[PDB]
Structure formats: C-alpha cells, structure tokens
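Trainee: One structure coming up, written as structure tokens, with questions to follow.
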2 protein chains.
Amino acid sequence: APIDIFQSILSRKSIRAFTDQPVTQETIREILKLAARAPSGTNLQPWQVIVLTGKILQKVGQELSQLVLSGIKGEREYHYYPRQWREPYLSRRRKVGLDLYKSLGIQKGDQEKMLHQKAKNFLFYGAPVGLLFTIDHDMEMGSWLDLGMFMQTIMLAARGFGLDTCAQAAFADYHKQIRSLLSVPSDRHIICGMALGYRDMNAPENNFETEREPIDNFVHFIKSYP
Amino acid sequence: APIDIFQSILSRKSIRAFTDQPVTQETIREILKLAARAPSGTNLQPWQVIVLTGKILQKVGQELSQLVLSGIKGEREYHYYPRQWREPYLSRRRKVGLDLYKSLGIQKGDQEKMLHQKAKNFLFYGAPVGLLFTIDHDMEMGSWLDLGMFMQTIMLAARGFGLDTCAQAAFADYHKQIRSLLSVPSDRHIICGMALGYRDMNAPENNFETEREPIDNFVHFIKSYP
Ligand SMILES: Cc1cc2nc3c(=O)[nH]c(=O)nc-3n(C[C@H](O)[C@H](O)[C@H](O)COP(=O)(O)O)c2cc1C
Ligand SMILES: Cc1cc2nc3c(=O)[nH]c(=O)nc-3n(C[C@H](O)[C@H](O)[C@H](O)COP(=O)(O)O)c2cc1C
Ligand SMILES: [Cl-]
Ligand SMILES: [Cl-]
C-alpha cells in the first residue's frame, strides 16, 4: 500500500539533514523513470541528470564546501531570484530563513555560523545521493517549466519510497568547478541540484513548519461575462 | 481512498477532449490548496492563477479560437521552444505531433483540419475549467522552475480527484488579447495555461500513448573518484 497522491504532496518538505541509510540503485532508477513521465512541451524531455553516490559524492561535496568556506564567491550563469527585492517576496524569504536559523540556534548576523550552514548545501546536506540537473544550450525558457515539472515529480515520487529531498539552486554558484570536476560537456548548462535520502527525523532543522499563502491571495476566480 | 502516488504520476496524460461534466468550485479550490504546497526558492511562491469557468470561459475560448480561424498570428513575449531545432528534439516533437494527428485522422495536406485542431487549444480543448498562470514582472528564471513545480502538482493532484489536465503554452500566442479581456494588471506576465476537467474516455485523441527516453539516454551515474 503506497502512500496516496495527497499524502505525498502534504508530507514533502525540504529536508536538510539525512541519515547514512543508503538508497539502492534500483530505487534511484525507479524514481527517475517515474520523473521522466513528467510532461514537457512537445515531449522534448529536456532534463538531463547526473547522479552522484559514494566516493565521488563525497569528493564533490567536500571540494565545493571548501570553496564556500574559503570565501570564493559564487558566480551564476543565470538570475534565479529577483534582482529588485520587494514585498511580499521579502517577507516570505525572511520568514523561512529566520525559521531555519532559529531551528539551528543561529543568530542573524553571526557570519561564521551562517557560512558553515551555507556550506552544508554543497554536501547535499549530507544526503547519500546528490542529483545535478543540466539542459542543452539550445533550450529556451519553456524548458525551465519542464525541468520544474520533472524535479517536483522526483520529490513526490520519493515520498512513495519513504525518501526525502531538498531542491538546491546553491549549486549554480559553482557551475564552473562542477563542470571541471565531472567533465560536463560544454553544450550542457548546470541549472541546479537536489539532495535525496532518508531524513534524520530528529534533526531540529527537519522539524519546523513553512507557511503558504491562502489561495484567494494568488487566485482570481472568474465566471461572469460581461 | 485516493489513488497512490505512482498511479497518479503514470496515469496523468495530456487530455485534449473532455466531457461536459463541470468541476465544482470546491474541487478546484482543493486542487489549488494542494498545489500551493509545492516548493519554491526561498518559499517565494511566485505563482498566480486565473480560474475561468462558465460564461467567461466560453467567451475567452470563443474570442481566441476565432483569432486562430481568422488568420491572426500569435506574438509571444518569451521563447518557449528552441530557436535552433536539432536531433533528438526534432524527432520527439515530430513523433507526438504525428501520433496526435493519426489519432484524429489528420493527413498530410489537410490544412483546414490542422488549423481547426490548433484552434481547439484556445477553448482549453473544451474543458469546463481553464487556468492561466501569471508571474510578477520582477521575477527571474528561478521562478519558471517554481511555476513548473506548481503546475505539475496541479496535474498530479487532479488525478486524485479523477480529473485530467493539459498544460498549454498555446495561450502565450495571445497574451495581449488575454490581458485586455481579463484586465490582467500590467506588472504581471501571462506564462501559459492549462485545461482541467473530466476526460472523454472515448475520444481517439485521448487513446494514444507517448514515448519517454530510456533513463540511460539522459542519466549519468557516477560513483568513483577518480
Ligand atoms: C509547458 C508545456 C506546454 C505545453 N503546450 C501544449 C499546448 O499548447 N498544446 C497541447 O496540446 N499540448 C501542450 N503540451 C503537452 C505536451 O505536448 C505533452 O505533455 C507531451 O507531448 C507529453 O505527453 P503526455 O503529457 O500525454 O505525457 C504542453 C506541455 C507542457 C509541459
Ligand atoms: C528551485 C528551488 C531552489 C531551492 N534552493 C535551495 C537551496 O539552495 N538550499 C536550500 O536549503 N533550500 C533551497 N530550496 C528549498 C526552499 O527553501 C523550500 O522549498 C521552501 O522554503 C519551502 O519549504 P518546503 O520545501 O519545506 O515546503 C529551494 C527550492 C526550490 C524550489
Ligand atoms: Cl540568483
Ligand atoms: Cl516559442
């Protein structure tokens, strides 16, 4: 009896601490076969995945964490977040960041703690599987919708196996080093990553709540005309 | 007892013919509340939705389909699809297009049938609910990942209610006309639409299959270092 679609949606959260329980290769393959059944414009299936486990996962994570801790600034190819920050987006970002820091006992402005927490991103938060997503250079903006559809399918499918995830744009910061480490072909662009693994159930960062906007704040229902 | 997550993922298909059964506002709201639980970078939740039913849905479909049938060309404000078409993308697009046409009995050279079939997009394929998605002008690329995540959550949640969908970039063709008809504020951009409804299980266009790439075509598994 697998979990139901609604249970998958509601139980999915961003998990940032994992146990050392390994994920079988067969489970990873089945998750990705399910995700490949995401829709995409004219069935182009633009998603490309790199799966890191074992020694190479540890090497990549440790090398990228050291770039952060060494003070090497990120350099992204694309703009992910707003260039002009304003409300209500300001407050949404501020709340989840403050709630994460509170769970970890980090005071705002403690730069040493903030940096060490940031660096954990690049270890995929200690997950036993690290996923990186790339797309071909000829792809346009539609393919980013497609990629989000594919990634959410991974995240929901994972719940079917009792697995957890964290989507991670952090990796975009070090696309040049990732390209070097993994010999990523020049015609592919690294878009983002995702941690996959079994949650550390009692880690405090896995036990806070996130809000969402009430639907009438972002949905306009229309029926009448004129 | 809702369907399981895997059944939702695999049974989802792009449905292009619907019954005349309406969808309750309660069910639309439930679907959107579930979709709101998609993840987004820093919980920005950039998605905005316009839900069309009843008279206004009929009117939008009428106006936009008549633009197609009258010869009025689309003008998109973004590039959704590649500007340079190459293999393997070319074959993927051609195969789904040829299989749709085959299901419909549309032969090479049937220009009026092809125009008719294209125009059906703009009626949301006859669905009782039409969705349009917008995002704020300050949002950047990342928000397209987020919107994709949200949209696929709709599509999968819908299966839990016995409903079906078709994601549709087609509406981007007539963003100017949609903005005027629905008074979409100037700081929001129309990204794409989606049909929602009960599939017509007898319609031939709902009774073909789409391919997906085998996972070795696009997943690279790496474990060893070096
Ligand atoms: C972002 C996006 C835009 C799409 N645009 C259209 C569209 O305008 N009209 C249409 O009939 N199908 C559209 N499709 C549906 C795809 O053709 C379909 O997802 C693909 O061929 C795979 O088939 P499946 O969804 O049945 O698995 C779109 C799908 C996506 C994800
Ligand atoms: C595209 C995308 C990129 C994200 N990037 C990161 C990241 O780099 N690091 C991180 O800890 N969380 C990241 N997040 C997770 C979000 O912060 C999280 O989804 C949001 O706060 C809502 O919380 P939830 O996923 O627990 O519901 C990302 C999420 C998305 C969708
Ligand atoms: Cl950014
Ligand atoms: Cl386009």
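For the structure tokens, the naming scheme is as follows: chains receive sequential letters (A, B, ...) according to their order of presentation, residues are indexed from 1 within each chain, and ligands are indexed from 1 in presentation order.
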Taking only C-alpha atoms and all ligand atoms and a cut-off of 10 Å, can you tell me which residues surround ligand 3, written as a PyMOL selection string?
Mentor: (chain A and resi 74-83+169-170+172-173) or (chain B and resi 41+140-142)
Trainee: Just write the chosen residues, C-alpha atoms, as a PDB file, in the first residue's frame.
Mentor:
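The resulting file, result19.pdb, is shown below:
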```pdb
ATOM      1  CA  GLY A  74      29.599  32.218  -6.307  1.00  0.00           C
ATOM      2  CA  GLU A  75      29.203  33.110  -9.965  1.00  0.00           C
ATOM      3  CA  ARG A  76      25.904  32.089 -11.529  1.00  0.00           C
ATOM      4  CA  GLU A  77      25.143  31.915 -15.275  1.00  0.00           C
ATOM      5  CA  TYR A  78      21.508  32.885 -14.779  1.00  0.00           C
ATOM      6  CA  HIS A  79      19.430  35.051 -12.498  1.00  0.00           C
ATOM      7  CA  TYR A  80      17.396  32.795 -10.231  1.00  0.00           C
ATOM      8  CA  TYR A  81      15.970  35.269  -7.715  1.00  0.00           C
ATOM      9  CA  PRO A  82      14.660  38.782  -8.138  1.00  0.00           C
ATOM     10  CA  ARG A  83      17.260  41.483  -8.789  1.00  0.00           C
ATOM     11  CA  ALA A 169      19.828  26.247  -6.520  1.00  0.00           C
ATOM     12  CA  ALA A 170      23.013  26.691  -4.456  1.00  0.00           C
ATOM     13  CA  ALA A 172      24.535  27.142  -9.646  1.00  0.00           C
ATOM     14  CA  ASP A 173      27.091  29.214  -7.708  1.00  0.00           C
TER      15      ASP A 173
ATOM     16  CA  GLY B  41      13.097  29.129  -3.974  1.00  0.00           C
ATOM     17  CA  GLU B 140      13.681  35.918 -12.786  1.00  0.00           C
ATOM     18  CA  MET B 141      14.480  32.414 -14.216  1.00  0.00           C
ATOM     19  CA  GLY B 142      14.166  30.559 -10.972  1.00  0.00           C
TER      20      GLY B 142
END
```
Trainee: Give me, as a ChimeraX atom specification, all polymer residues having an atom no more than 10 Å from region 114-121 of chain B, counting only C-alpha atoms and skipping those fewer than 6 positions away in the same chain.
Mentor: /B:16-17,61-62,64-71,100-101,104,106-108,166,168-171,193-195
Trainee: Convert the current residue selection to file output with N, CA and C atoms, as a compact mmCIF listing (two decimals), in the first residue's frame.
Mentor:
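Wrote it out as result14.txt, contents follow:
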```txt
# COMPACT_ATOMS: atom_id res chain seq x y z
N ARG B 16 -7.07 16.02 -24.42
CA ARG B 16 -7.46 17.03 -25.37
C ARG B 16 -8.91 16.93 -25.84
N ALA B 17 -9.71 16.25 -25.01
CA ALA B 17 -11.13 16.16 -25.20
C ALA B 17 -11.74 15.79 -23.84
N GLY B 61 -12.64 31.40 -24.87
CA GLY B 61 -12.46 30.38 -25.88
C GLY B 61 -12.95 30.84 -27.24
N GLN B 62 -14.12 31.45 -27.27
CA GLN B 62 -14.66 32.00 -28.50
C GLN B 62 -13.77 33.04 -29.12
N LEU B 64 -10.53 33.75 -28.61
CA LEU B 64 -9.18 33.33 -29.01
C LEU B 64 -9.23 32.31 -30.16
N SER B 65 -10.15 31.36 -30.15
CA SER B 65 -10.25 30.41 -31.26
C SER B 65 -10.58 31.14 -32.55
N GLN B 66 -11.43 32.18 -32.48
CA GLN B 66 -11.73 32.95 -33.68
C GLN B 66 -10.51 33.72 -34.22
N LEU B 67 -9.61 34.16 -33.34
CA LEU B 67 -8.36 34.74 -33.85
C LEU B 67 -7.62 33.72 -34.71
N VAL B 68 -7.49 32.49 -34.21
CA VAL B 68 -6.81 31.43 -34.98
C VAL B 68 -7.51 31.20 -36.36
N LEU B 69 -8.81 30.99 -36.32
CA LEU B 69 -9.56 30.65 -37.53
C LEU B 69 -9.59 31.78 -38.51
N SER B 70 -9.39 33.00 -38.05
CA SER B 70 -9.40 34.15 -38.93
C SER B 70 -8.04 34.48 -39.52
N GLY B 71 -6.98 33.80 -39.07
CA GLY B 71 -5.64 34.06 -39.59
C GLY B 71 -4.78 34.98 -38.77
N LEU B 100 -0.69 12.38 -32.53
CA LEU B 100 -1.93 13.13 -32.32
C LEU B 100 -2.74 13.20 -33.62
N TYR B 101 -2.08 13.58 -34.70
CA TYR B 101 -2.76 13.68 -36.00
C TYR B 101 -3.32 12.36 -36.44
N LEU B 104 -6.54 11.49 -34.82
CA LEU B 104 -7.59 12.40 -35.29
C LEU B 104 -7.98 12.15 -36.77
N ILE B 106 -6.03 13.14 -39.26
CA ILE B 106 -5.48 14.27 -39.98
C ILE B 106 -4.30 13.84 -40.83
N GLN B 107 -4.47 13.98 -42.14
CA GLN B 107 -3.45 13.55 -43.10
C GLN B 107 -2.56 14.72 -43.47
N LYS B 108 -1.41 14.39 -44.07
CA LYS B 108 -0.54 15.40 -44.71
C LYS B 108 -1.37 16.20 -45.72
N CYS B 166 -4.46 19.33 -19.41
CA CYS B 166 -3.46 19.52 -20.48
C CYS B 166 -2.75 20.83 -20.25
N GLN B 168 -0.68 23.95 -21.39
CA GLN B 168 -0.77 24.61 -22.73
C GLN B 168 -0.02 25.92 -22.83
N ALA B 169 1.10 25.87 -23.52
CA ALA B 169 1.80 27.09 -23.85
C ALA B 169 1.11 27.91 -24.90
N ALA B 170 0.12 27.33 -25.59
CA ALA B 170 -0.53 27.99 -26.71
C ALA B 170 -1.01 29.40 -26.38
N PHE B 171 -1.53 29.55 -25.17
CA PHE B 171 -2.09 30.82 -24.76
C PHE B 171 -1.10 31.97 -24.80
N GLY B 193 -1.17 28.34 -19.95
CA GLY B 193 -2.46 27.91 -19.46
C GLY B 193 -2.52 26.44 -19.21
N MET B 194 -3.72 26.00 -18.79
CA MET B 194 -3.94 24.59 -18.55
C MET B 194 -5.41 24.28 -18.56
N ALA B 195 -5.82 23.25 -19.31
CA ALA B 195 -7.16 22.76 -19.27
C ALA B 195 -7.35 21.83 -18.06
```
Trainee: Chain A residues within 7 Å of chain B, counting only C-alpha atoms: which ones, as number ranges by chain?
Mentor: A: 2-6, 8-10, 33-34, 36-37, 42-44, 48-57, 79-82, 84, 89, 92-93, 96, 138-142, 144-149, 152, 157, 160, 212, 215, 218-225
Trainee: For CA of residue 175 (chain A) and atom 26 (O, counted along the ligand's line) of ligand 2, determine how far apart the two atoms are, in Å to one decimal place.
Mentor: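 Interatomic distance here is 24.6 Å.
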Trainee: Let me make sure I understand: among B:24, B:186, B:165, B:202, which one has the smallest atom-to-atom distance to ligand 1 if we use only C-alpha atoms and all ligand atoms?
Mentor: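 The closest residue to ligand 1 is B:165.
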Trainee: Extract the full set of strand (DSSP E or B) residues from region 15-164 of chain B according to DSSP on the backbone, and format it as a ChimeraX atom specification.
Mentor: /B:18,48-52,129-136,164
Trainee: Please report, as an mmCIF file with N, CA and C atoms, in the first residue's frame, each residue of region 49-174 of chain A to which DSSP assigns helix (DSSP H, G or I) when run on this structure's backbone.
Mentor:
```
data_model
loop_
_atom_site.group_PDB
_atom_site.id
_atom_site.type_symbol
_atom_site.label_atom_id
_atom_site.label_comp_id
_atom_site.auth_asym_id
_atom_site.auth_seq_id
_atom_site.Cartn_x
_atom_site.Cartn_y
_atom_site.Cartn_z
ATOM 1 N N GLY A 54 28.530 7.582 -3.222
ATOM 2 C CA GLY A 54 29.812 7.038 -2.869
ATOM 3 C C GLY A 54 30.955 8.062 -2.860
ATOM 4 N N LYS A 55 32.106 7.607 -3.312
ATOM 5 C CA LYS A 55 33.292 8.405 -3.237
ATOM 6 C C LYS A 55 33.256 9.730 -3.999
ATOM 7 N N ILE A 56 32.634 9.692 -5.165
ATOM 8 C CA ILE A 56 32.592 10.910 -5.984
ATOM 9 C C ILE A 56 31.634 11.937 -5.328
ATOM 10 N N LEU A 57 30.555 11.472 -4.720
ATOM 11 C CA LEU A 57 29.664 12.350 -3.989
ATOM 12 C C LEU A 57 30.423 13.018 -2.858
ATOM 13 N N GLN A 58 31.221 12.247 -2.120
ATOM 14 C CA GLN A 58 31.979 12.830 -1.014
ATOM 15 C C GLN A 58 33.008 13.834 -1.542
ATOM 16 N N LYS A 59 33.690 13.459 -2.617
ATOM 17 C CA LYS A 59 34.726 14.370 -3.205
ATOM 18 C C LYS A 59 34.111 15.662 -3.670
ATOM 19 N N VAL A 60 33.083 15.572 -4.484
ATOM 20 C CA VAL A 60 32.432 16.797 -4.998
ATOM 21 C C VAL A 60 31.937 17.658 -3.840
ATOM 22 N N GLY A 61 31.260 17.059 -2.872
ATOM 23 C CA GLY A 61 30.713 17.813 -1.772
ATOM 24 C C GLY A 61 31.772 18.456 -0.955
ATOM 25 N N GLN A 62 32.830 17.704 -0.630
ATOM 26 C CA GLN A 62 33.873 18.286 0.157
ATOM 27 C C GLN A 62 34.613 19.390 -0.587
ATOM 28 N N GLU A 63 34.846 19.230 -1.874
ATOM 29 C CA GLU A 63 35.536 20.280 -2.632
ATOM 30 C C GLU A 63 34.683 21.563 -2.687
ATOM 31 N N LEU A 64 33.400 21.414 -2.994
ATOM 32 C CA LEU A 64 32.537 22.619 -3.132
ATOM 33 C C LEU A 64 32.299 23.319 -1.786
ATOM 34 N N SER A 65 32.150 22.553 -0.710
ATOM 35 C CA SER A 65 32.023 23.125 0.637
ATOM 36 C C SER A 65 33.260 23.952 0.940
ATOM 37 N N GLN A 66 34.442 23.442 0.569
ATOM 38 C CA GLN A 66 35.668 24.198 0.827
ATOM 39 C C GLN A 66 35.677 25.502 0.044
ATOM 40 N N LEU A 67 35.115 25.560 -1.149
ATOM 41 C CA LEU A 67 35.089 26.855 -1.916
ATOM 42 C C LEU A 67 34.321 27.891 -1.067
ATOM 43 N N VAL A 68 33.152 27.525 -0.515
ATOM 44 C CA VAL A 68 32.397 28.443 0.302
ATOM 45 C C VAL A 68 33.172 28.894 1.510
ATOM 46 N N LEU A 69 33.736 27.925 2.226
ATOM 47 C CA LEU A 69 34.434 28.233 3.456
ATOM 48 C C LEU A 69 35.701 29.019 3.226
ATOM 49 N N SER A 70 36.299 28.885 2.045
ATOM 50 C CA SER A 70 37.451 29.649 1.664
ATOM 51 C C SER A 70 37.125 31.069 1.228
ATOM 52 N N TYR A 89 7.529 39.305 -1.380
ATOM 53 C CA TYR A 89 8.564 38.300 -1.573
ATOM 54 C C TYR A 89 9.618 38.428 -0.463
ATOM 55 N N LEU A 90 9.995 39.662 -0.134
ATOM 56 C CA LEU A 90 10.879 39.948 1.002
ATOM 57 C C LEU A 90 10.481 39.149 2.237
ATOM 58 N N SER A 91 9.240 39.353 2.678
ATOM 59 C CA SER A 91 8.754 38.727 3.926
ATOM 60 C C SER A 91 8.741 37.187 3.856
ATOM 61 N N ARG A 92 8.416 36.615 2.687
ATOM 62 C CA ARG A 92 8.384 35.175 2.547
ATOM 63 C C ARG A 92 9.773 34.613 2.751
ATOM 64 N N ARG A 93 10.736 35.218 2.081
ATOM 65 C CA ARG A 93 12.146 34.796 2.165
ATOM 66 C C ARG A 93 12.665 34.944 3.600
ATOM 67 N N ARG A 94 12.362 36.084 4.196
ATOM 68 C CA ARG A 94 12.816 36.397 5.559
ATOM 69 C C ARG A 94 12.283 35.381 6.564
ATOM 70 N N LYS A 95 11.007 35.037 6.457
ATOM 71 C CA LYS A 95 10.429 34.075 7.391
ATOM 72 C C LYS A 95 11.050 32.675 7.349
ATOM 73 N N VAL A 96 11.202 32.073 6.167
ATOM 74 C CA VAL A 96 11.776 30.733 6.121
ATOM 75 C C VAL A 96 13.240 30.752 6.530
ATOM 76 N N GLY A 97 13.960 31.828 6.239
ATOM 77 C CA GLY A 97 15.376 31.908 6.595
ATOM 78 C C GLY A 97 15.515 32.065 8.098
ATOM 79 N N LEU A 98 14.696 32.932 8.686
ATOM 80 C CA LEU A 98 14.688 33.102 10.166
ATOM 81 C C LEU A 98 14.256 31.834 10.893
ATOM 82 N N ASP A 99 13.249 31.139 10.369
ATOM 83 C CA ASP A 99 12.827 29.870 10.964
ATOM 84 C C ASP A 99 13.883 28.770 10.873
ATOM 85 N N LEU A 100 14.577 28.679 9.728
ATOM 86 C CA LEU A 100 15.691 27.764 9.648
ATOM 87 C C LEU A 100 16.785 28.125 10.662
ATOM 88 N N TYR A 101 17.171 29.389 10.725
ATOM 89 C CA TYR A 101 18.228 29.771 11.648
ATOM 90 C C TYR A 101 17.803 29.520 13.093
ATOM 91 N N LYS A 102 16.554 29.798 13.409
ATOM 92 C CA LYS A 102 16.087 29.584 14.791
ATOM 93 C C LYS A 102 16.183 28.097 15.164
ATOM 94 N N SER A 103 15.835 27.214 14.214
ATOM 95 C CA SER A 103 15.926 25.780 14.482
ATOM 96 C C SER A 103 17.353 25.320 14.774
ATOM 97 N N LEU A 104 18.318 26.035 14.199
ATOM 98 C CA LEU A 104 19.735 25.724 14.327
ATOM 99 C C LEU A 104 20.457 26.544 15.379
ATOM 100 N N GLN A 111 28.277 35.534 11.233
ATOM 101 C CA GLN A 111 28.714 35.164 9.929
ATOM 102 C C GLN A 111 29.399 33.814 9.888
ATOM 103 N N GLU A 112 30.107 33.452 10.951
ATOM 104 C CA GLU A 112 30.737 32.131 10.990
ATOM 105 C C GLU A 112 29.713 31.028 10.943
ATOM 106 N N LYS A 113 28.678 31.126 11.770
ATOM 107 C CA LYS A 113 27.640 30.119 11.723
ATOM 108 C C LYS A 113 26.884 30.107 10.420
ATOM 109 N N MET A 114 26.572 31.285 9.913
ATOM 110 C CA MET A 114 25.849 31.389 8.646
ATOM 111 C C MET A 114 26.636 30.734 7.497
ATOM 112 N N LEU A 115 27.944 30.946 7.502
ATOM 113 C CA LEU A 115 28.789 30.386 6.449
ATOM 114 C C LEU A 115 28.849 28.878 6.555
ATOM 115 N N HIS A 116 29.019 28.350 7.773
ATOM 116 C CA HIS A 116 29.047 26.904 7.934
ATOM 117 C C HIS A 116 27.758 26.259 7.536
ATOM 118 N N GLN A 117 26.640 26.906 7.819
ATOM 119 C CA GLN A 117 25.348 26.362 7.387
ATOM 120 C C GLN A 117 25.198 26.439 5.863
ATOM 121 N N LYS A 118 25.562 27.552 5.258
ATOM 122 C CA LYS A 118 25.555 27.696 3.820
ATOM 123 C C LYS A 118 26.391 26.589 3.177
ATOM 124 N N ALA A 119 27.581 26.317 3.706
ATOM 125 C CA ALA A 119 28.480 25.345 3.129
ATOM 126 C C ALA A 119 27.861 23.955 3.091
ATOM 127 N N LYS A 120 26.992 23.652 4.076
ATOM 128 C CA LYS A 120 26.353 22.339 4.090
ATOM 129 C C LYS A 120 25.525 22.058 2.872
ATOM 130 N N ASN A 121 25.009 23.106 2.227
ATOM 131 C CA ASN A 121 24.326 22.913 0.936
ATOM 132 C C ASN A 121 25.151 22.045 -0.025
ATOM 133 N N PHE A 122 26.438 22.324 -0.100
ATOM 134 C CA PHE A 122 27.305 21.777 -1.158
ATOM 135 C C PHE A 122 27.675 20.334 -0.880
ATOM 136 N N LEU A 123 27.396 19.856 0.343
ATOM 137 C CA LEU A 123 27.455 18.431 0.694
ATOM 138 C C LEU A 123 26.119 17.773 0.422
ATOM 139 N N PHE A 124 25.205 18.433 -0.290
ATOM 140 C CA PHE A 124 23.811 17.987 -0.416
ATOM 141 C C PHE A 124 23.243 17.691 0.979
ATOM 142 N N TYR A 125 23.600 18.530 1.953
ATOM 143 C CA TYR A 125 23.100 18.385 3.302
ATOM 144 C C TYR A 125 23.406 17.002 3.902
ATOM 145 N N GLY A 126 24.473 16.357 3.410
ATOM 146 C CA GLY A 126 24.863 15.055 3.909
ATOM 147 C C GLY A 126 24.077 13.899 3.371
ATOM 148 N N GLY A 142 10.866 27.718 -21.935
ATOM 149 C CA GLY A 142 9.937 26.648 -21.714
ATOM 150 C C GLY A 142 10.543 25.479 -21.012
ATOM 151 N N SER A 143 11.805 25.210 -21.315
ATOM 152 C CA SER A 143 12.428 24.036 -20.753
ATOM 153 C C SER A 143 12.627 24.160 -19.249
ATOM 154 N N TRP A 144 12.600 25.391 -18.724
ATOM 155 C CA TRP A 144 12.675 25.580 -17.277
ATOM 156 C C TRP A 144 11.367 25.198 -16.608
ATOM 157 N N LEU A 145 10.215 25.415 -17.281
ATOM 158 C CA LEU A 145 8.953 24.901 -16.759
ATOM 159 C C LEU A 145 9.027 23.372 -16.693
ATOM 160 N N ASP A 146 9.489 22.791 -17.806
ATOM 161 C CA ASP A 146 9.597 21.358 -17.945
ATOM 162 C C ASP A 146 10.477 20.772 -16.810
ATOM 163 N N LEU A 147 11.648 21.389 -16.627
ATOM 164 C CA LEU A 147 12.573 20.939 -15.597
ATOM 165 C C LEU A 147 11.943 20.992 -14.201
ATOM 166 N N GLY A 148 11.183 22.066 -13.891
ATOM 167 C CA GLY A 148 10.469 22.133 -12.602
ATOM 168 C C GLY A 148 9.465 21.029 -12.458
ATOM 169 N N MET A 149 8.777 20.720 -13.557
ATOM 170 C CA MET A 149 7.806 19.596 -13.527
ATOM 171 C C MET A 149 8.501 18.304 -13.228
ATOM 172 N N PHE A 150 9.624 18.045 -13.883
ATOM 173 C CA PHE A 150 10.438 16.840 -13.651
ATOM 174 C C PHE A 150 10.953 16.776 -12.190
ATOM 175 N N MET A 151 11.447 17.889 -11.669
ATOM 176 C CA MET A 151 12.010 17.900 -10.336
ATOM 177 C C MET A 151 10.948 17.645 -9.266
ATOM 178 N N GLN A 152 9.777 18.282 -9.422
ATOM 179 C CA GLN A 152 8.683 18.049 -8.475
ATOM 180 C C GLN A 152 8.243 16.578 -8.557
ATOM 181 N N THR A 153 8.275 15.975 -9.730
ATOM 182 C CA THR A 153 7.900 14.589 -9.851
ATOM 183 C C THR A 153 8.869 13.703 -9.061
ATOM 184 N N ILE A 154 10.175 14.015 -9.125
ATOM 185 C CA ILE A 154 11.164 13.310 -8.284
ATOM 186 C C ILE A 154 10.767 13.422 -6.788
ATOM 187 N N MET A 155 10.464 14.645 -6.381
ATOM 188 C CA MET A 155 10.255 14.941 -4.980
ATOM 189 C C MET A 155 9.015 14.223 -4.451
ATOM 190 N N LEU A 156 7.950 14.156 -5.271
ATOM 191 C CA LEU A 156 6.786 13.442 -4.901
ATOM 192 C C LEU A 156 6.923 11.941 -4.994
ATOM 193 N N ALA A 157 7.520 11.482 -6.051
ATOM 194 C CA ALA A 157 7.813 10.067 -6.198
ATOM 195 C C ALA A 157 8.647 9.535 -5.014
ATOM 196 N N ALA A 158 9.620 10.340 -4.580
ATOM 197 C CA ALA A 158 10.492 9.942 -3.464
ATOM 198 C C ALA A 158 9.678 9.640 -2.236
ATOM 199 N N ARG A 159 8.604 10.393 -2.021
ATOM 200 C CA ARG A 159 7.738 10.139 -0.833
ATOM 201 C C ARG A 159 7.096 8.766 -0.865
ATOM 202 N N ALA A 169 19.189 25.347 -5.555
ATOM 203 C CA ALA A 169 19.828 26.247 -6.520
ATOM 204 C C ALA A 169 21.240 26.585 -6.149
ATOM 205 N N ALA A 170 21.665 26.340 -4.901
ATOM 206 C CA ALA A 170 23.013 26.691 -4.456
ATOM 207 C C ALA A 170 24.081 26.263 -5.437
ATOM 208 N N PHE A 171 23.940 25.059 -5.990
ATOM 209 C CA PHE A 171 24.967 24.505 -6.886
ATOM 210 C C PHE A 171 25.285 25.398 -8.080
ATOM 211 N N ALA A 172 24.307 26.205 -8.499
ATOM 212 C CA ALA A 172 24.535 27.142 -9.646
ATOM 213 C C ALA A 172 25.702 28.070 -9.389
ATOM 214 N N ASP A 173 25.988 28.350 -8.116
ATOM 215 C CA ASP A 173 27.091 29.214 -7.708
ATOM 216 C C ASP A 173 28.442 28.769 -8.253
ATOM 217 N N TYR A 174 28.633 27.445 -8.354
ATOM 218 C CA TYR A 174 29.935 26.865 -8.713
ATOM 219 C C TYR A 174 29.826 25.981 -9.909
#
```
